[PDB]
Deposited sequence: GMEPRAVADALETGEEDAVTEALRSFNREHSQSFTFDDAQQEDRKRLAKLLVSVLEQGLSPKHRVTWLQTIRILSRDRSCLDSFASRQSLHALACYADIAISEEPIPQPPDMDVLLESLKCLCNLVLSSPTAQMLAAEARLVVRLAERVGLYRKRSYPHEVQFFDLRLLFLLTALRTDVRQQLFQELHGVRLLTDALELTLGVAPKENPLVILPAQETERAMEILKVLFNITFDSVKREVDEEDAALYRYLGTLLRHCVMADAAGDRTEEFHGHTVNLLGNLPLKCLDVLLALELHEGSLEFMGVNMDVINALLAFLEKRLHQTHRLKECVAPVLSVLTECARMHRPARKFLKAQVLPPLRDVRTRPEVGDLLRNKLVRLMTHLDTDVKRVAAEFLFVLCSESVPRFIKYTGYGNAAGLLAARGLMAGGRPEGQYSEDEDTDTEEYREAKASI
């Protein structure tokens, strides 16, 4: 086909017409991933060195898309990734992605292809991660995310904008902190989540690509809130998180296209686990439609859905039981906040019957978690049933058996 040597040699040939066709021929074959060959390792490296020197000096406006395409393809290789991880190479991409604090009109295809290059370099090059922080790309990247309602940007550039935001905040502590503290990240991404859901008549089904965007938003929101929320929050912050929690309540009650409904709820529940737990009362504020689950004059659709997610997530896991802790701690706080919730979950999880650990029952799988290797999963499992048991040690011992309940009574002191 179009080998990397022949593309390199075509570049050593000075004619711009053969380099244009040889790049397009290379961009057609190697666009998919199974074209990757360990035999063409060095020939891909020497071609990157040729292209990078053009990029950090300026790409001609004509055929600019095909030049970024070959770099986006070569950026999938960890060997050629170094050559582009330079201060001016990443400044060129940031300018073509329009997030470089330069302009102070957009070709949507050059804009998107640059974003995919930055995502590949930031993903695996710690030098690119450092230089992207230093270039403060998060500033105008968060700004474009806030103008998504005014500026009709395509789905692809919206997805890779949010993915780069995800990669920057996951891989750089400083960028994660300035999105939260200086760039109003929670409030900004909360508005982006609502726009992506079409909320404000509940949301029942989310389209395939609106789900893809919303999951990435939930991932960035998880990053900037995982350790930055004090839970001793302002009255203004408590309203912001209660607003965000209301959006997550819609996600809990909704469905996504494809099989993504499982991943979609997991991201939702993960974010709920980061909220100030007094803001979780929003989960119980859902007013009673008729077409509901009712318990003691309170809507229990939300808590039934979380319970369903717990029972499903409990089945799939074998040794990654950590992914069950977020829904457990959300359901535990509801049972503390609410009395009809404490009583509804007690009937569903620990119904009066007549061997606490043996069995395929939900009560049995939970008691098995009280004897576990992870210290957090074993504590959230016991605390859940303990709260459901009205925090009574004798009743707590009856349902869980004393052998399993000894850890909770000893650790609590």
Original post:
Deposited sequence versus model: which ranges have no CA atoms?
Top reply: 105-108, 205-207, 362-365, 425-453
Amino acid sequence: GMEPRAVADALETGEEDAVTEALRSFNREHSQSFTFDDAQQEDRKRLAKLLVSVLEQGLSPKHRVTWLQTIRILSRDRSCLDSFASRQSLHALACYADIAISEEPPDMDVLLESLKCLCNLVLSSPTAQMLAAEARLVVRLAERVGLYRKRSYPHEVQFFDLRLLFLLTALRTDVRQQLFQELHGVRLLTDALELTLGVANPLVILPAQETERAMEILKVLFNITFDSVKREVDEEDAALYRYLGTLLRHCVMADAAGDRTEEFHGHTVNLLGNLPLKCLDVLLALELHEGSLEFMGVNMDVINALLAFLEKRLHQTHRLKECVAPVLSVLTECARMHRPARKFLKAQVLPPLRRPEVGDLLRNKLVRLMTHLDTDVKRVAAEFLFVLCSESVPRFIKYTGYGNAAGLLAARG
From here on, numbers count along this sequence of modelled residues.
**OP:** Higher average CA B factor in the deposited record is what I'm after, so tell me if that's 210-218 or 259-267.
**Re:** 259-267
**OP:** Would you mind comparing 382-390 and 369-377 for me and telling me which has the higher average C-alpha temperature factor in the entry?
**Re:** 369-377
Original post:
When the CA B-factors of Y148, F84, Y243, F226 are compared as recorded in the entry, which is the largest?
Top reply: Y148
Original post:
Of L112, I205, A100, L293, which one's C-alpha B factor is largest in the deposited record?
Top reply: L293
Subject >> Chain thirds of CA B-factor: placement of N201 >> reply: highest
**OP:** Among all modelled residues of this chain, ranked by Cα B factor, put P106 in the bottom, middle or top third, i.e. lowest, middle or highest.
**Re:** highest
Subject >> Chain-relative CA temperature factor third for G273 >> reply: lowest
**OP:** Rank-wise, by C-alpha B-factor, drop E333 into the lowest, middle or highest third of its chain.
**Re:** middle
**OP:** Would you mind checking where the Cα B-factor of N304 ranks among the modelled residues of its chain, as the lowest, middle or highest third?
**Re:** middle
